[PDB]
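**Student:** experimental structure below, sequence on top.
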Amino acid sequence: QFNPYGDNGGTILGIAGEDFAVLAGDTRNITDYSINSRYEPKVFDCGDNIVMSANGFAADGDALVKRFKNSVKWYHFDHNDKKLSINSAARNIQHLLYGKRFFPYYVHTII
Amino acid sequence: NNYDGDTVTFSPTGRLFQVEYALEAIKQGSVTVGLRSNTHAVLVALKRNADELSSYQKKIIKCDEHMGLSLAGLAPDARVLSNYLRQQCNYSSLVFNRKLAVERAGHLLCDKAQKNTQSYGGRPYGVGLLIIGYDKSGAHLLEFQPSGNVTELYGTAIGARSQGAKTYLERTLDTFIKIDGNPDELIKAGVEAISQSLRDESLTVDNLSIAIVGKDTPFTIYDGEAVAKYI
Amino acid sequence: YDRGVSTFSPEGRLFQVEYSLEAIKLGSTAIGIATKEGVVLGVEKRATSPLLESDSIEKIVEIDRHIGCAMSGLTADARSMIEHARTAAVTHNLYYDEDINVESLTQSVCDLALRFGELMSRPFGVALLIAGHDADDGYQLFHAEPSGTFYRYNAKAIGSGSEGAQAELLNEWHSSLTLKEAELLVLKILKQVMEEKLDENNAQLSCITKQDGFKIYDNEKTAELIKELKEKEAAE
Amino acid sequence: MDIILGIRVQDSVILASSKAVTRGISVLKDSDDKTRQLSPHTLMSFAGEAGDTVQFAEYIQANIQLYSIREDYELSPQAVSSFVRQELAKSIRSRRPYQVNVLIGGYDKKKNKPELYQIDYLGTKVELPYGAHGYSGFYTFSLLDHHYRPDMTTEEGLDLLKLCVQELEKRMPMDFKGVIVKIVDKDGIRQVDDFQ
Amino acid sequence: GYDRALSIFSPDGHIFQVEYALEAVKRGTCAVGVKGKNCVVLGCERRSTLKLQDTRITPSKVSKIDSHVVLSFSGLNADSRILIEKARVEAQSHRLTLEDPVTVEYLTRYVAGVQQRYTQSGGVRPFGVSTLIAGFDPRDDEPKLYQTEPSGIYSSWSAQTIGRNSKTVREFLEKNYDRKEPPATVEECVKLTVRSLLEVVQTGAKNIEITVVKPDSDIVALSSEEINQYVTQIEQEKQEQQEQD
Amino acid sequence: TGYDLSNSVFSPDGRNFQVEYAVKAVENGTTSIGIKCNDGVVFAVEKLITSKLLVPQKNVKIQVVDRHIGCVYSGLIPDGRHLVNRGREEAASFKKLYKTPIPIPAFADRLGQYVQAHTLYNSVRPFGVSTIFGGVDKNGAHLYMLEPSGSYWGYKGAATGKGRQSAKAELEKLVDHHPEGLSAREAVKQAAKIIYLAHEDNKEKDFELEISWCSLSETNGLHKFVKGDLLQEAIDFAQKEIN
Amino acid sequence: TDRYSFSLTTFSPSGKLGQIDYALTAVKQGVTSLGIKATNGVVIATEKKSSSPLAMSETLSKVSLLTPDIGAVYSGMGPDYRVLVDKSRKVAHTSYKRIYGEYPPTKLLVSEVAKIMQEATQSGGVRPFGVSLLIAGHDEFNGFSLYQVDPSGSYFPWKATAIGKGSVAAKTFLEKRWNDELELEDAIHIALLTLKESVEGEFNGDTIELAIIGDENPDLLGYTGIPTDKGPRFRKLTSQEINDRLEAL
Amino acid sequence: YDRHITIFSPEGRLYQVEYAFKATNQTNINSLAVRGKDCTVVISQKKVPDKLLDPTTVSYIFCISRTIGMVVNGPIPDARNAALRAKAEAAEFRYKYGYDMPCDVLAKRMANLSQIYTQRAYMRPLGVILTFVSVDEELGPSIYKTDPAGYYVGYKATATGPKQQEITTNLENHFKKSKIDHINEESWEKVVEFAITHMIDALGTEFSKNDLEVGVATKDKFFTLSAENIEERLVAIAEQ
Amino acid sequence: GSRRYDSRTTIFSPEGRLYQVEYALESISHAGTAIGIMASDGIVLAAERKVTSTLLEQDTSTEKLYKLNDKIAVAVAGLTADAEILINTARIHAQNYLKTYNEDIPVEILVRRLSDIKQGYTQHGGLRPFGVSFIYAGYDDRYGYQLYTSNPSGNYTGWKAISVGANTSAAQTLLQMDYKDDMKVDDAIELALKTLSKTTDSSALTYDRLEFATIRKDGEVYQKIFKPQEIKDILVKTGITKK
Ligand SMILES: [Mg+2]
Ligand SMILES: [Mg+2]
């Protein structure tokens, strides 16, 4: 009867330019028909010029972003402060997500 | 004598000879010094190579944006201990949103090293560590021995010929403790300390390594050409 | 047997590691030379009998397309190590859509060395030369010992005859060596230190280049290089 | 489901297995061989859930081949049927039971006798002059009950098999795309090239 | 539970347990393998110390790992049983997952890996067995012969011998094996193997055991009668040679 | 012969020589004392300043258990930290199960059973520390001392280290002169004095005094370190008392 | 942490297993016990050597009941015998009665305890049992039986035997006194006579311990109403019965 | 190395057991136990040499359960080890089988554990001798004693310590004169007085109220006397 | 730790031999001799008891010959208790094979399983080997009648006639001297009795020191374990003894 998931609303949008990229998100956090916060950011700077958002279930998104930040930290530790390329980050995030394949993160992810 | 076959045996006088052999493994390692003021903390390490065709083995390891260490002795053991320290800082940040205090890091390293000195089959770590950090209580310099003893100091030195650097720091205390807000001057004091432990050798860009942390200064390592300014 | 296998000596050294180094001193010669055009790895096969088919003496192995390995010592002990290397490489790729750094692969390999005691029963009885290329630090040559320590060398010789070979490398190596010069230098030092007359059957060459990866030289190419070295020595 | 028939005549065992493999509304294959040779004189046909069938069959095949290499000897068809039945009987009470029914046709060279065994996924084994798995039996068991004779030749058995396949093609709802037919006798296991 | 490090290093760089396993191999009966142009032959010495042996049931020195690969050995018999069982299991597993029988090099490498594992694991002693592994790769006619050691070392050999008095047989083979003209027929290869064994096997007939491997899983063991025919041919040629001058 | 080579082995006398060697290791350590007052306990320890590079007031030696127990030890300091960690686990377990903070005798027996278990097998080494600990519980003040053999007793005053003998002499004097008992502040002063007196065996090196106390009236039954004005007052008392 | 996972009993170059020999020595140094098999029963007997005159010997029993039809006596180290009788009682249930609803026959329980001791001579980090056991039992299909079990784990069926100190003298005495037509009372008398040679102090019902495997004692059952359930065939003689038979010794 | 672990010597002996027996006497204190009509009394010497000791914490008598008390002759670490184990075993026995653990049963359990230490190599014997006393609801006043060899037995009375033998002989004589297996007294106070008197006689020394520990077990309660209880027992003795 | 007391029972001598295997073989060399002889129409097992006494109950006695199933039996030389351990495992394995294949287990498979069990103790575990040597006498429908032997090394071999235990050199020489491939089972009985009487270290070969068994052939085989009276009769029939 206990439901481990929730829906915090929100909407995010990423656009890729020629020499730039952009990642935006609304700062509204909701629950059902009530508003939890009018400024709860969900688009984060993760370092190495990588911005990340995991919109949907706020707990799962925050967990995923925390784990990705930690992966960036340990990547810098284990490979002589090598910058994490955007494709390497994408593959690492694929593995992070698929780890919980049978208990997913209720998040749509954009970096 | 007959009591050095493992860490689990006391000698008739009450000594643990395996721990002393680990300390000797330290004493043969390359020299490194650490010293801190009230705003910064600096590690100065003399790197050692195999021959003229080889590299100079790294001696400074970063543990977190506010804490790092330098090694003297068995490099794999230093890697293990620094990995454990990284994990402890990481856990502190993740669970409590809190930078790990350098003092608690020293306590954790002490308790980690102790368990290898009381149980059969294991062995003590064969490396000594100089830990610099900046936490909510300021700058900190620690010396760690594989016996488990960890000690906070204004400055110290470990490795071969470290006694010259240690005595120089004992004399320079009143001066270098007041080098606040000027990183390069504390770095110069550190290289002056490490010069006292030099025998038939001089500091070059290939064999000098430096690290610094402090207020508004993340733990950063200078190697190679970066240390040319301090020679 | 009278003491733990992880016992320190009064001088601060692990007995089993020193004894494994002694075992490695008895192994066949292996020489690596790194240049801006690539790294060269050569080994003395040392067939223990004329009836032994020297083709089955594999002391140079591929870790990944950009990383190769040569061994010296108890070569059987190297096998699992090679595996742990290969896996590691591809695994990094699978997690990161990129090639693993040479130093990272070497550190991964060395992380197994001291994982023995009462865990495997003893250290490894073999040293490794890991040659490779990555886009961060270019061409690299590493020497990995069963002590957990690994060094980076411009040139390195391991196994029986390592002292004189290392002196020769110290005298002959310079930063502007070409690849063919390094090949001939490996061949010359091997021919000097070997007890048998070096031919294309008791010695093996291989190279790591950025464009073509890790290539083990066939016996015909090595024989032509040997003839080139013979002519070079004749005309000097 | 899949057609799995076996007939034990005077001097051989004949196995006939439907050639179709179907998923959804698509017949993915029409040349599928639903047997594994367990030993030079023992052949096993199988039908059941997707994946489980071939997996269980090749597992049994590997085990029998390992035994043969170890003892340099061919297990009797009865021993092979008992081993398979025990595997299946252990399967049903496991986490994920094998959902596979099998026919085992062998020539006991020590007895010089054809033997046919029908074993369902529960570990239920019987020795029968003729056997079938799935809905197929509902049509064939009567047919054979009328026409089977214990002294029949291999050609007579093939004729009876043709009669069974004709009745199945007339009355069964699905198109099983014909059968592959194999004969197991004192000389081993051969395959009839064209039954149509 | 028991994890005592038995195979460790000595101050000179030796692992004494592996070397004593090599000694156990040295004290075993002789085994020989010879590569022909289109076949491999494995000969083995049988101890003559006891006459009342039941030859139909006593374990043979040559074992089939698969239909196309054979393993012989020298050393402790029971360690060989362990190795052979592991190798047969691995052969069947490779058939199951790769849908292709093992190459002789692959089976040899697996056996060598197991032997090496038993020299670096706690609580276990190394195998007192050295092996000769022969055969043909699937859909291949080139003969394959390999040798594995207690240390884990394995290599390929045109012809090789292991066991007691193996140095004598190896001298004979080195003096008599021309790589440019390997035995063209099965008869030449079997005769050369029987000569190699005659160099050390004192009695001769009924002490020699022969197995012939030919491409596409054609493995057959010669009975004592054909072996005695080979012995008689060789001895007759010898008597002629002795007094043909 | 060879009876002292393995822990938990009985000699023909009935002794465990490895425990006695650990006791030697303890005797090699600095001096630490505890004094039971009328409504609490006081702990004091001497810390040798090997070099002035040592940061004063840092490198704290006395440890706290739960919120009411103080522990100090002489010998192998990391062994003492290990013992204090185990004791903290024991006290946390006791409180989680029984709600009330662990009584001082109960905690004493926890530590004692742990140390004794460390003398039952040859696969572990005895503790190279003697531990003075205690505090205030529902039954008042308690002071205990625990030896590497697992033996432990309750004391009016306790002392270990290189200067344990003069410390015990001064403690016997204090016990004979005050049958009514000392107050917490007087006990702090006397602990400072006894530390300064026992320092004479390490006279060649400077020492730093570290004091803590747990008093029902002065600290409200909680463990607190004596610092600031009270510490300086005790230091001055000891200084003018050695003359 | 038990790091003794290796054998403490190993073969010497001469072929001996030292710990088994030394356990046998300890057995030989123990107080004499004996058993005699009659035609309608078996008797087992031993001497109660008390430690202190203040100690109450009746509390400590050297002859123990294993099953209602099987009893045991020993020679050697008492506490080893005590843990052994505990293990034997439990294995009589777990390995037999809980499977067949009947008590095991004498030979099979003897084999179980022998297996226990055998494992004690080969497992890791343990010494053999320093006892030798005499088991006297009755089952329906084998009748009455008497077995000896040694520290190595070996067992032997006996018409009559003795173990402990003075065992060779007692065995010689029994060989010349035993026949195949002996009644249970005759065996009891021979046992008393044989034990008298082994004792030098007091010899009465209070100093010797004696039990029998004879007829079923329904008065010892404790309940009535099941005709198939007879009383136990094991009965321990009382000091009074012993003294009564000593009157005409 | 047959003298280091618990394996047989060529003579068939376990030297570690004997050395543990030797260790049991290390404390140089004597104790004895006797049985009245409806009680059981143990007295043990109390020696507090260090003046810095809290004499109230110096005890070798333990309350194992509401009915069972245990006095130990041996070093205090092993003594407290055995005490904790006995308390745990008694509590678990009560929880599992629904009645208070009897004296002889707990004695048998502890003796079995001691035998286990005597046969397994990785655990040393305890250098202690455990004397358990109670008034069993089936057996009455009971004294049972266990030793490092795994041995145990019941006693009319018993003594343990360096001078044990002396005490024992004394007690023996008394029983040889009394011809009964207990002290013919209905009050436990007089039985305590008897015990103290006969220990004074056998040891040839006098005791103050701080030289003794006394444990009394009556039907459904075991307790220990205080300094004042001991003192008035001594007064009653002196008035003889 | 405990490494000081490890006998290291699974190590190689410098000559390449297993210490404990050799010492177990030395131990077995003192056990009563057991002989197996396989004829064309049966197999004969004859063993000599070493536990000999007049008060010993020989009716219910069994120290040499044990049944494994209805087709296989074993003669034991060595420690009877290790033998009973291995015999129980062998019986369980035979029943497992029967339940798995619904056919009686071939002799060589059971022999190889038991020999592998023996070998395992000589390569890992740090335990002592079983001081036991077996002679297996069996019948299956593939090889007919079969004789095998296994020893503490885990090595097993097949024989027409063989002996284990004491005086095996003399017994084997005599068997080689008098064995014929065509001889019948009764001739084998006579040969085994004669060999035992000529090699026994006792005064005479009396029935009370013997265990005897025959596996004969209806397409069914019969296992007969000779009772003491049958042994006495067959002894007077051979002429070893006179009534
Ligand atoms: Mg118990
Ligand atoms: Mg013990």
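**Tutor:** Sure thing, it's come through. Residues are numbered from 1 along each chain as shown, chains lettered A, B, ... in the order given. Ligands and ions are numbered 1, 2, ... in the order given.

**Student:** for residue 69, which non-adjacent residue is closest in space?
**Tutor:** In the absence of a named chain, this looks at chain A. Once flanking residues are discounted, residue A:69 sits nearest to residue A:46: 5.4 Å by C-beta to C-beta, 6 or more residues apart in numbering or on different chains. Any C-beta I mention is one placed from the backbone N, CA and C, and that applies to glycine too.

**Student:** not quite, I wanted chain I
**Tutor:** Nearest to residue I:69 is residue I:94, by C-beta to C-beta, 6+ apart, at 4.6 Å.

**Student:** go ahead and confirm that neighbour touches residue I:74.
**Tutor:** No. If you go by C-beta atoms under 8 Å, residue I:94 and residue I:74 don't touch, sitting 11.5 Å apart.

**Student:** need the residues touching each of the two.
**Tutor:** Here residue I:94 and residue I:74 have residue I:68 as joint contacts, going by C-beta atoms under 8 Å, 6 or more residues apart in numbering or on different chains.

**Student:** just want to know which of these two has more residues nearby.
**Tutor:** Shown here are residue I:94 and residue I:74; by other C-beta atoms under 10 Å in any protein chain shown, residue I:74 has more neighbours (29 against 21).

**Student:** what helix or strand does the more buried one sit in?
**Tutor:** Element membership for residue I:74, per DSSP states H and E: strand I:72-78.

**Student:** buried ones in the helix or strand that that strand is followed by?
**Tutor:** Heading C-terminal from strand I:72-78, the first helix or strand you meet, by DSSP H and E, is helix I:80-101. Buried residues in helix I:80-101, counting neighbours by 16 or more other C-beta atoms under 10 Å in any protein chain shown, are found at I:80-87, I:90-91, I:93-94, I:97, I:101.

**Student:** do the same with stretch F:206-213
**Tutor:** For stretch F:206-213, burial by neighbour count (16+ other C-beta under 10 Å) applies to F:207-213.

**Student:** contacting residues around the helix ranked longest in chain B?
**Tutor:** Longest helix in chain B, counting residues (DSSP state H): helix B:75-96. Contacts to helix B:75-96, defined as C-beta under 8 Å, 6+ apart, come from residues A:66, A:70, A:73, A:77, B:57, B:61, B:63-64, B:67, B:69, B:71, B:98-100, B:105, B:108-109, B:112-113, B:125-127, B:129, B:131, B:144, B:146, C:110, C:113-114, C:147-149.

**Student:** how about residue E:210, secondary structure?
**Tutor:** strand (DSSP: H, G, I helix; E, B strand; the rest coil).

**Student:** what's the distance between it and residue E:190?
**Tutor:** 6 Å (C-beta to C-beta, to the nearest Å).

**Student:** who's in contact with residue 56?
**Tutor:** I'll assume chain A. By C-beta under 8 Å, 6+ apart, residue A:56 lies in contact with A:7-8, A:10, A:105-108.

**Student:** if you could check chain I rather than the one you did, that'd help
**Tutor:** Taking C-beta under 8 Å, 6+ apart as the contact definition, residue I:56 lies against G:156-159.

**Student:** which SSE is residue A:22 in?
**Tutor:** For residue A:22, the host element (DSSP H and E) is strand A:21-25.

**Student:** tell me where chain D has strands.
**Tutor:** In chain D, the segments counted as strands under DSSP state E are D:4-8, D:13-18, D:21-23, D:26-29, D:35-39, D:42-48, D:100-108, D:113-119, D:125-127, D:130-133, D:179-185, D:188-192.

**Student:** got it, and chain A?
**Tutor:** Here chain A has its strands, by DSSP E, at A:12-16, A:21-25, A:29-31, A:34-37, A:43-45, A:51-56, A:107-110.

**Student:** which element is residue E:230 on?
**Tutor:** Residue E:230 is part of helix E:224-242, with elements assigned from DSSP H and E.

**Student:** dump the C-alpha coordinates for the longest helix of chain B into PDB.
**Tutor:** The C-alpha coordinates for helix B:75-96 follow below in PDB (Å, rounded to 0.1, in the frame of the first residue of the first chain):
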ATOM      1  CA  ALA B  75      53.600   3.900  -1.600                       C
ATOM      2  CA  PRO B  76      50.800   1.200  -1.900                       C
ATOM      3  CA  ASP B  77      50.000   1.600   1.800                       C
ATOM      4  CA  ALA B  78      49.900   5.300   1.400                       C
ATOM      5  CA  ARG B  79      47.500   4.800  -1.500                       C
ATOM      6  CA  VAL B  80      45.200   2.600   0.600                       C
ATOM      7  CA  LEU B  81      45.200   5.000   3.500                       C
ATOM      8  CA  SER B  82      44.600   8.000   1.300                       C
ATOM      9  CA  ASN B  83      41.700   6.200  -0.400                       C
ATOM     10  CA  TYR B  84      40.200   5.500   3.000                       C
ATOM     11  CA  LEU B  85      40.600   9.200   3.900                       C
ATOM     12  CA  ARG B  86      38.900  10.200   0.700                       C
ATOM     13  CA  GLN B  87      36.000   7.900   1.400                       C
ATOM     14  CA  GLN B  88      35.700   9.300   4.900                       C
ATOM     15  CA  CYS B  89      35.600  12.900   3.700                       C
ATOM     16  CA  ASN B  90      33.100  11.900   1.000                       C
ATOM     17  CA  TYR B  91      30.900  10.200   3.500                       C
ATOM     18  CA  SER B  92      31.000  13.300   5.800                       C
ATOM     19  CA  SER B  93      30.000  15.500   2.900                       C
ATOM     20  CA  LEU B  94      27.300  13.200   1.500                       C
ATOM     21  CA  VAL B  95      25.500  12.200   4.700                       C
ATOM     22  CA  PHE B  96      26.000  15.300   6.900                       C
END
